[PDB]
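Remarks on the overall topology
Below, each chain spelled out in residue letters.
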Amino acid sequence: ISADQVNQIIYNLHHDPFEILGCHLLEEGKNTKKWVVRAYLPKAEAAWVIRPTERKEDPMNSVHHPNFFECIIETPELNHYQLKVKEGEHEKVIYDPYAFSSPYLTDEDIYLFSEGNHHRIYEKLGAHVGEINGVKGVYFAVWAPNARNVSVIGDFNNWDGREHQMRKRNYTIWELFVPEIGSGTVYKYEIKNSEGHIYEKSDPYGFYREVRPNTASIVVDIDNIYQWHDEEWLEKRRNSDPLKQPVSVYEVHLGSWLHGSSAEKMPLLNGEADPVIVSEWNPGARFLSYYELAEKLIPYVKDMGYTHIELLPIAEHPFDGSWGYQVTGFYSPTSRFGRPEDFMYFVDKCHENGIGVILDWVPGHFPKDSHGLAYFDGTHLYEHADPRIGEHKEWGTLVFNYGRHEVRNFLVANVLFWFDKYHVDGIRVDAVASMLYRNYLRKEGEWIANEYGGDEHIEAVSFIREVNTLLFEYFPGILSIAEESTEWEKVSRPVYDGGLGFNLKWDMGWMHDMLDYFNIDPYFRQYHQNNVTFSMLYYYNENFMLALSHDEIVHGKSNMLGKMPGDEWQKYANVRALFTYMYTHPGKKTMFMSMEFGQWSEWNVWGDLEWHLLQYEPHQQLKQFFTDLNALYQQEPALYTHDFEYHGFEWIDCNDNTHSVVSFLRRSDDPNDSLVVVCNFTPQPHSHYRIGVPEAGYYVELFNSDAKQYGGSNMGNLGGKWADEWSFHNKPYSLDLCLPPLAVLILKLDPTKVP
Ligand SMILES: OC[C@H]1O[C@H](O[C@H]2[C@H](O)[C@@H](O)[C@@H](O[C@H]3[C@H](O)[C@@H](O)[C@@H](O[C@H]4[C@H](O)[C@@H](O)[C@@H](O[C@H]5[C@H](O)[C@@H](O)[C@@H](O[C@H]6[C@H](O)[C@@H](O)[C@@H](O[C@H]7[C@H](O)[C@@H](O)[C@@H](O)O[C@@H]7CO)O[C@@H]6CO)O[C@@H]5CO)O[C@@H]4CO)O[C@@H]3CO)O[C@@H]2CO)[C@H](O)[C@@H](O)[C@@H]1O
Ligand SMILES: OC[C@H]1O[C@H](O[C@H]2[C@H](O)[C@@H](O)[C@@H](O[C@H]3[C@H](O)[C@@H](O)[C@@H](O[C@H]4[C@H](O)[C@@H](O)[C@@H](O)O[C@@H]4CO)O[C@@H]3CO)O[C@@H]2CO)[C@H](O)[C@@H](O)[C@@H]1O
Ligand SMILES: OC[C@H]1O[C@H](O[C@H]2[C@H](O)[C@@H](O)[C@@H](O[C@H]3[C@H](O)[C@@H](O)[C@@H](O[C@H]4[C@H](O)[C@@H](O)[C@@H](O)O[C@@H]4CO)O[C@@H]3CO)O[C@@H]2CO)[C@H](O)[C@@H](O)[C@@H]1O
Ligand SMILES: OC[C@H]1O[C@H](O[C@H]2[C@H](O)[C@@H](O)[C@@H](O[C@H]3[C@H](O)[C@@H](O)[C@@H](O[C@H]4[C@H](O)[C@@H](O)[C@@H](O)O[C@@H]4CO)O[C@@H]3CO)O[C@@H]2CO)[C@H](O)[C@@H](O)[C@@H]1O
Ligand SMILES: OC[C@H]1O[C@H](O[C@H]2[C@H](O)[C@@H](O)[C@@H](O[C@H]3[C@H](O)[C@@H](O)[C@@H](O)O[C@@H]3CO)O[C@@H]2CO)[C@H](O)[C@@H](O)[C@@H]1O
Ligand SMILES: OC[C@H]1O[C@H](O[C@H]2[C@H](O)[C@@H](O)[C@@H](O[C@H]3[C@H](O)[C@@H](O)[C@@H](O)O[C@@H]3CO)O[C@@H]2CO)[C@H](O)[C@@H](O)[C@@H]1O
Ligand SMILES: [Mg+2]
Ligand SMILES: [Mg+2]
Ligand SMILES: [Mg+2]
């Protein structure tokens, strides 16, 4: 480029910056092409072009001006890249602001979509504010290749589509530009099928939706509604290995954490809306907005000391009672809680408070509702046509045709959409088995094998591996968590090693062993010591997340306190012992709302949590227990740096089944960060109980779950204990401890203590 062209950009004299900024073809070679990417980045000192799908990164050079950059790259196609932009000591990674010079679909967009590889398809499909032929308006586009006709119906034309019939392109996608309408427009697509039957559809790529049970899509100017402040969080994420950090997740269903009064409006970020009543049966209550949740949930979480909030599905879903697991509006956060920008504010405020956001994401199925994706164009479009692989009959839902390019593209781009537009830090996928097996919940003679004779759902396995490959390339440092309950191997291992590419898997076996164990009367736990120790045998085959989830405190399973045997003191003590053990056992942590304060009743998705219990001491004390435990977990490197390496854990002894006692070491990089953990899983205290330790010195009591401030009886070792030169558990030193009842001790050698 010339200096004159540069200066025209710098001084805002150029007639159209898209002619020189962004990605431009310089020449075609025999097997490759030569491209240039240019950027004007005021205040940046340096920039790079990242091609994350090819695993490449190229520096950009300043050209004529220190903030004007060019980068010349040879590659057959340059569809997928990001700009890394350094301003002083800070780096951000963004998409190229000059990537798309028109709102309409190009030939290239249609080709990439037809092949399933348009990672940014949601920039063109759906509804977008823009300018065509010199006039501002909205461009709509929808994939419906077998429809006979499609029109746009909405508020602007009183729901009559005759003067807004769309144009079909390349036998696949319908489009229309509508002048002089903008964000806030309410609409649907009116589709006529090959039979001549006419029906109404919500926008599959819609960005906002009326409040259930109304289903019209609403236009959002999604890049001009919210100003983020989380660059430093995102930079630290991208540069960190979350597997080596503390990950303590508070799992939350937004509709049922806390309700407000329906006698007032729902406040929004600088505005308000009518209340959304929780149900016809509880008409005095309304949901809290994303804005109100940012003001209340976030400081509550921060004060408890969790690192992450995990949300039950917030994608738009028509029925409260699915808990969000039956989604129909994949590209929009549910309007129950307000607007897209209110959810953006929630996430930005999490990041300001040093809290990450994980979204439950639901790629496995979708319900039959007529506004949604089902039979979209008068054919089986999103779902597979054969019910043996296209329906989950026990659930009444439809299964995406993962092999169909544009379907795969809908879902792959959807995952990326949440990280791009809403800055989230991770996803969790429920019931992964439901996608992986062609015989899932199907009887003999009601399913068919894959092409090689097996039960593996090949197309699903390939989709999952693609999701995870792309997610980690585009957004390094995120969490991708699976629950897979069969024995599928390598779930949380890299795709290059034959894995599915998640980085964490819920340890459902551990969960069952623990909750079954603790439900046993303590005298009988001696016959089930193996529940305590078993999960450590297979532990190193995956990266495990230890989750005690929402699913465990419904349908007659009781809440945590009610699972435990004995009187009220023992029930609390069991909950403290279990969770202290969970937090010291190797693996990341997840627990569900209500568990941190000892709610007695089961989670009820139709009300909110029993917050009035926090007026009473035993609940307050358990909440303080969790507050202090989370603080300890973040303060002790041996609880999180080496979760997934042999070095991080070793049993000291687990042979004392008749007293239900176990003990072990946790380790980190520094040997002085080593911890000794001792567990007593009956209410019988022990007074001179020997435990082997590897070195001399004073072992400080960092934590004792029987402390009186946690509701315990206040037995313990009075702050710490000197080890004896008395060999035990095959170690050269030993501690002579008092083991409090139904309690866990965490001890740490202080090598500077004065004898
Ligand atoms: O995570 C929450 C929280 O946990 C820790 O803090 C807890 C403790 O774990 C818990 O034990 C307790 O400690 C408090 C304590 O209640 C306060 O009274 C005070 O303790 C004083 C003590 O009162 C003084 O007398 C003095 O004790 C001497 C002791 O007099 C002397 O006899 C000897 O004791 C040895 C004893 O003779 C042996 O028999 C044996 O005693 C055992 C028994 O065998 C057993 O059956 C049972 O009863 O328990 C006894 C205790 O183990 O061993 C004894 C040696 O340990 O030597 C001691 C040494 O002084 O001194 C202490 C120190 O001031 O303060 C402690 C410490 O705060 O409550 C706290 C809070 O709930 C954790 O330390 C804290 O950071 C965490 O927040
Ligand atoms: O103009 C009349 C023509 O239209 C008719 O063909 C249609 C089909 O009915 C549509 O359903 C569609 O077919 C696409 C399909 O939508 C798309 O996903 C892709 O199919 C891939 C698939 O993703 C992949 O998994 C694998 O199985 O291979 C498939 C084949 O490539 O492409 C399909 C074929 O284009 O669109 C066409 C055109 O609208 C009619 O049947 C034609 O005979 C007729 O010419
Ligand atoms: O010096 C006092 C005693 O210290 C030790 O007693 C221990 C018990 O061994 C532990 O099991 C525990 O006791 C719990 C008990 O397990 C639990 O059932 C509950 O019992 C209460 C009950 O809440 C209450 O309503 C009423 O009925 O009285 C019962 C009192 O026992 O709560 C107890 C704790 O409060 O902890 C105690 C105290 O550390 C030691 O073993 C005893 O020999 C000694 O007497
Ligand atoms: O007054 C009662 C006694 O109290 C003290 O003994 C304690 C020990 O200090 C504790 O460690 C524990 O003992 C366990 C032991 O930790 C555990 O390994 C298991 O021992 C098995 C052993 O693993 C196996 O290899 C073989 O040698 O048999 C051992 C004996 O079974 O089980 C032990 C308990 O049964 O608890 C005891 C108290 O019961 C103090 O040290 C004693 O001297 C004192 O008398
Ligand atoms: O103020 C009058 C009226 O406004 C609201 O109704 C809107 C719907 O919520 C919205 O879905 C849309 O309804 C259209 C359907 O979506 C569409 O499928 C088709 O069947 O036509 C409908 C309009 O006829 O528009 C209406 C009207 O704006 C509010 O929710 C109503 O209850 C209220 O009475
Ligand atoms: O070093 C090998 C192995 O040692 C440790 O494993 C112990 C388990 O942690 C524990 O449950 C127990 O295993 C038995 C099962 O509980 C029982 O149900 C059945 O399958 O037999 C098992 C075989 O013994 O004891 C084992 C062996 O000590 C440690 O936890 C592992 O990580 C480690 O690899
Ligand atoms: Mg399940
Ligand atoms: Mg068993
Ligand atoms: Mg309530």
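Residues numbered from 1 in each chain as written, not as in the entry; some residues may be left out. Chains lettered and ligands numbered in written order. Heavy atoms only, no water.

As summarised from the PDB record, the model derives from X-ray crystallography at a stated resolution of 2.00 Å.

1. Quick notes on the overall build of the protein chain
Within the protein chain, the regular secondary structure consists of 13 helices and 41 strands. In terms of overall dimensions, the protein chain is globule-like: its C-alpha atoms have a radius of gyration of 28 Å, near the 27 Å expected for 755 residues. Viewed in the frame of its principal axes, the protein chain has a C-alpha envelope of about 85 × 65 × 60 Å. Going through the 755 residues of the protein chain one by one, you find that 60% of them count as buried. Contacts in the protein chain between residues far apart in sequence, at least 24 positions, make up 70% of those at least 6 positions apart. A total accessible area of about 30100 Å² is found for the protein chain, and carbon and sulfur atoms account for 48% of it. Of note, the protein chain has its 65 positive side-chain charges centred 1 Å away from the centre of its 109 negative side-chain charges. (Helix = DSSP H or I, 4+ residues; strand = E, 2+ residues; numbered from the N terminus. Rg over C-alpha atoms; globule rule 2.2 N^0.38 Å. Buried < 20%, exposed > 50% of the residue type's maximum accessible area, 1.4 Å probe, protein only. Contact = heavy atoms within 4.5 Å. Areas by Shrake-Rupley, 256 points an atom, 1.4 Å probe, with all protein chains shown as cover. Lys, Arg positive; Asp, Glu negative; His and termini not counted. Charge placed at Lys NZ, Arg CZ, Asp CG, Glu CD.)

2. What about the site of ligand 3?
The immediate surroundings of ligand 3 are formed by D567, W569, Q570, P683, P685, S713, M715 and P741. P683 has a polar backbone atom sitting 2.5 Å from an oxygen atom of ligand 3. Note that an oxygen atom of ligand 3 is positioned 2.9 Å from one of the side-chain N or O atoms of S713. Alone, ligand 3 offers 780 Å² of accessible surface; in the complex the protein occludes 34% of this. Considered class by class, the residues forming the shell around ligand 3 number 5 nonpolar, 2 polar and 1 charged. (Near = heavy atom within 4 Å. Polar contact = N/O pair within 3.5 Å; in protein donor to acceptor, adjacent residues only side chain to side chain. Nonpolar A, V, L, I, M, F, W, Y, C, P; charged D, E, K, R; others polar.)

3. A closer look at the sheet that holds strand β5 (residues 61-62)
If you walk across this open sheet you meet the 4 strands as β1-β2-β6-β5, and the pairing is antiparallel. Strands with a single pairing partner mark the edges of an open sheet, and in this sheet they are β1 (22-28) and β5. Sheet analysis places β5 next to strand β6 (residues 68-74), joined by 2 bridges and oriented antiparallel. When the bridges of β6 are listed, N61 appears paired with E70. (Pairing = 2+ DSSP bridges.)

4. Thoughts on the domain arrangement of the protein chain
For the protein chain, the domain assignment lists domain 1 (1-99), domain 2 (100-220), domain 3 (221-642) and domain 4 (643-751). Summarising the inter-unit geometry, the C-alpha centres of domain 2 and domain 3 are found 31 Å apart. Across the contact, 38 residues belong to domain 2 and 50 residues belong to domain 3. Approximately 3500 Å² of surface area, both sides summed, lies buried where domain 2 meets domain 3, with 56% of it carried by carbon and sulfur atoms. On the domain 2 side of the contact with domain 3, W143, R209 and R212 bury the most area, a combined 23% of that side's loss. (Domains from an automatic or database assignment. Buried area = accessible area lost by both parts, 1.4 Å probe.)

5. Topic: helix α7 (residues 405-422)
Over its 18 residues, α7 runs 25 Å from end to end, which matches the ideal 26 Å to within 8%, given 1.5 Å per residue. Remark: the principal bend of α7, roughly 30°, maps to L416. Burial runs high along α7: 17 of the 18 residues are buried. Positive backbone phi, approximately 60°, marks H423, located one or two places after α7. (Expected span 1.5 Å × (residues − 1). Bend = angle between axes of the 7 residues up to and from the residue.)

6. As for the nonpolar core
The biggest cluster of nonpolar side chains holds 198 residues, and the ones touching the most others in it are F140, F346, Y382 and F579. Sequence-distant contacts of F346, defined by excluding residues within four places in its chain, comprise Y290, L293, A294, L297, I298, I309 and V357. Core analysis: the second largest hydrophobic core is formed by 16 residues, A723, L737, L739 and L745 among them. (Core = buried A, V, L, I, M, F, W, Y, C linked by side-chain atoms within 4.5 Å.)

7. Comments concerning the packing of helix α12 (residues 568-584) against helix α13 (residues 617-635)
For the pair α12 and α13, interaxial distance at closest approach is 11 Å and the crossing angle is 15°. Here α12 is positioned roughly parallel relative to α13, judged by the angle of their axes. Considering only the axes of α12 and α13, their crossing is right-handed. Between α12 and α13, the residues in contact are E568, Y572, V575, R576, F579, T580 and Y583 and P618, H619, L622, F625, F626, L629, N630 and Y633, respectively. Along the lines of polarity and charge, the residues of the contact of α12 with α13 split into 10 nonpolar, 3 polar and 2 charged. (Axes fitted to C-alpha atoms, helices over the stretch in contact; angles between N-to-C directions. Parallel < 35°, antiparallel > 145°, perpendicular 65-115°, else oblique. Left-handed = near helix turned anticlockwise from the far one by under 90°.)

8. Here we look at helix α2 (residues 107-115)
Among all positions of α2, only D109, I110, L112 and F113 are buried. Around the axis of α2, the buried residues are gathered within 165° of arc, so they sit on the same side. In this structure, the buried side of α2 is in contact with β10 (135-143), β12 (167-169), β13 (173-179) and α7. (Arc of directions from axis to C-beta.)

9. Description of the side chain of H308
Mapped onto the elements, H308 comes out in strand β22 (residues 308-311). Beyond its immediate stretch of four places on either side in the chain, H308 contacts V247, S248, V249, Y250, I355, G356, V357, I358 and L479.

10. Remarks on the site of ligand 5
Taken together, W159, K188, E200, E210 and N214 make up the full set of residues adjacent to ligand 5. One of the side-chain nitrogen or oxygen atoms of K188 is found 2.8 Å away from an oxygen atom of ligand 5. For ligand 5, an oxygen atom lies 2.5 Å from a polar atom in the side chain of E210. Considering ligand 5 on its own, with 630 Å² of exposed area, one finds that the protein chains cover 36% of that surface. Of the residues assigned to the shell around ligand 5, the class counts are 1 nonpolar, 1 polar and 3 charged.

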